[PDB]
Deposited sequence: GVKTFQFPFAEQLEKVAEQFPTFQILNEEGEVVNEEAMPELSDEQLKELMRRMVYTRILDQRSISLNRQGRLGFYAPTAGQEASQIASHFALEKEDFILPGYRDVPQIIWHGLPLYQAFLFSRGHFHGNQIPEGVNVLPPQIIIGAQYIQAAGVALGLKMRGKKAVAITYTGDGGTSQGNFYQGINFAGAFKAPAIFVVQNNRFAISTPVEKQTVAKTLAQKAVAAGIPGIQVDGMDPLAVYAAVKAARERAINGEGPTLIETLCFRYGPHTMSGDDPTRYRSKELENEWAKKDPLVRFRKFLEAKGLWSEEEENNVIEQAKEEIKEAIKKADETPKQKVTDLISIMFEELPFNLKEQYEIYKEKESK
């Protein structure tokens, strides 16, 4: 006798095939799964992805010049980041990781505040009211357990919104990634869990993280569904997050979505441009317009960041508690005198 272990592995693999709608040539390889989007929605998605590419180029530049601080590059991930944000509504709450600044910009965080985050200023994290996002999460996996609680809180108040959160391929090794999806699954909470898989965590291959042949199957441990998507495909990424959003509002619980991407022919811009051009929906001048719009907006935002007054120690003390403890009262005074 032998347990059918190899069969088991094969059987589970068959449940997680890569979802794709557009190939690298911008041709539709899956009509049945094509999402319903107006010609203007299709053009907006391309505007935002082109905008994001330029934002990445400018941010890299600005960091090298010393004009920005911490910056995690996003070029190549536009479909995964932008097309996934596109499937959301304003009611939806985003819990970003450190690299997921674009999603929260498009959700309504002003650009200059995103730059003040990068530089390390408290004001960059002073999110506007009505904008349902947290500052980027530097502790890997912490956003996953927090998203379970947001989702639960959404379900409790009866709201028709989801919590959505993002992590990388490396983050799937954390204990909190597992707890996030298992708490949400246990509570049938409305959460979308995105894992952006670019195959390396710093220097570490995904093969060193896990012997699991897809990350999406990690959903099985929670009892919830997973989808592995071509993360270089804006339509496949859109359709997956939209299906997960529907599933979640319909009280069916969370979904785990693994996007397979590459950060810098497979370029999401490449295949989407061809998709749109075949339909007379995109032109060089429309694209060159977004590029200019971006550069102008980035320049303005950088200046608005530059005119933000410096932080004082008293400011830092003031934001610790609503009512300050004796020690921080004492220290406010010491630093107020210092600052005078």
Q) What residue ranges of the deposited sequence are absent from the coordinates? A) 1 to 4, 269 to 291, 368
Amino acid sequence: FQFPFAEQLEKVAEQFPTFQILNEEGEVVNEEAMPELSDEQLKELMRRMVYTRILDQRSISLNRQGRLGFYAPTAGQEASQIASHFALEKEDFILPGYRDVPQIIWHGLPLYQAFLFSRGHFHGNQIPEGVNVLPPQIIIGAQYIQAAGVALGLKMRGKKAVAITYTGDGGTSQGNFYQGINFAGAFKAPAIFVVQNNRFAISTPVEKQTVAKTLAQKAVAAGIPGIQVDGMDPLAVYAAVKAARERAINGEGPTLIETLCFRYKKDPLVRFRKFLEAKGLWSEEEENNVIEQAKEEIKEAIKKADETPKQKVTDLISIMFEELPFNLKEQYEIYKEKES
From here on, numbers count along this sequence of modelled residues.
(Q) Tell me which stretch has the larger mean Cα B-factor in this entry, 70 to 78 or 140 to 148. (A) 70 to 78
Q. Should the higher mean CA B-factor in the entry be assigned to 7 to 15 or to 313 to 321?
A. 7 to 15
(Q) Highest recorded C-alpha temperature factor, please, choosing from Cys261, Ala212, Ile104, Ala87. (A) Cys261
Q | Among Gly130, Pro225, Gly171, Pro268 - the residue whose C-alpha B-factor is largest in the record | A | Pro268
Q | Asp92, C-alpha B-factor rank within chain (lowest, middle or highest third) | A | lowest
Q.
Please place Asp100 in the lowest, middle or highest third of its chain according to the CA B-factor in the PDB entry.
A. lowest
Q: Determine, from the deposited record, the chain-internal third of the Cα B-factor for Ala305: lowest, middle or highest.
A: middle
Q: For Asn327, return the chain-relative third of its C-alpha B-factor as stated in the PDB record: lowest, middle or highest.
A: lowest
Q. Which third, lowest, middle or highest, does the CA B-factor of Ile54 fall in along this chain?
A. lowest
